[PDB]
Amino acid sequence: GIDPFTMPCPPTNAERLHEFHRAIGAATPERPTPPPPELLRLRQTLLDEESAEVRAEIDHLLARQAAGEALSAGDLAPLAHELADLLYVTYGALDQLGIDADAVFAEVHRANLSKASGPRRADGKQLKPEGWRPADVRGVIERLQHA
């Protein structure tokens, strides 16, 4: 069974949040766990704050472009920073719910990539292909509960 020959993928961003939560002493659960209302309100506040910052940075970029400015790659840095902050609190929320963000994201990706294989309307709107199946997030969460 176990011998000296007995014996690991690089961490994902969702895993980084699990590690952060350990570091801040938050003890977040391994499996999906209904939160107290205080936790939901905290998560909402964090989402609102970062969404607002992203929105403000896009607004600032659009304003400069409206003035006739070409933006540089460096001009993108505040927006990139706030988008990454938004990932952090979005992953943060899933991690505090005990829900494996990568498992859920894979399911959403599956349905989105599948939809991308459909044709487009003449106006450019994406249509679904025949046999398309919606993201089954309820099924994902049920699977995560048993292991």
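Quick note: we count residues from 1 along the sequence shown, nothing fancier. The term rigid core refers to the most C-alpha atoms you can superpose between the two forms while keeping them within 1.5 Å.
- For 74-82 versus 60-68, the mean Cα distance to the shown form in 4 other deposited structures of this protein after rigid core alignment is larger for 60-68.
- Put simply, when the other structures in 4 other deposited structures of this protein are lined up on the rigid core, the C-alpha atoms of 110-118 lie farther off than those of the other stretch, from 44-52 and 110-118.
- Omission of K125 is seen in a third or more of the other entries compared for this protein where the adjacent residues are built.
- Counting the deposited residues that fall between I2 and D3 and carry no coordinates gives zero.
- When the C-alpha B-factors of 19-27 and 132-140 are averaged, 132-140 comes out higher.
- Higher mean CA temperature factor between 40-48 and 104-112: 104-112, per the PDB entry.
- Among the modelled residues of its chain, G92 has a C-alpha B-factor that falls in the lowest third, as given in the PDB entry.
- For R121, the recorded CA B-factor ranks within the highest third of the chain. Only modelled residues enter the ranking.
- Among the modelled residues of its chain, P78 has a C-alpha B-factor that falls in the lowest third, as given in the PDB entry.
- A70: CA B factor lies in the highest third for its chain, per the PDB record.
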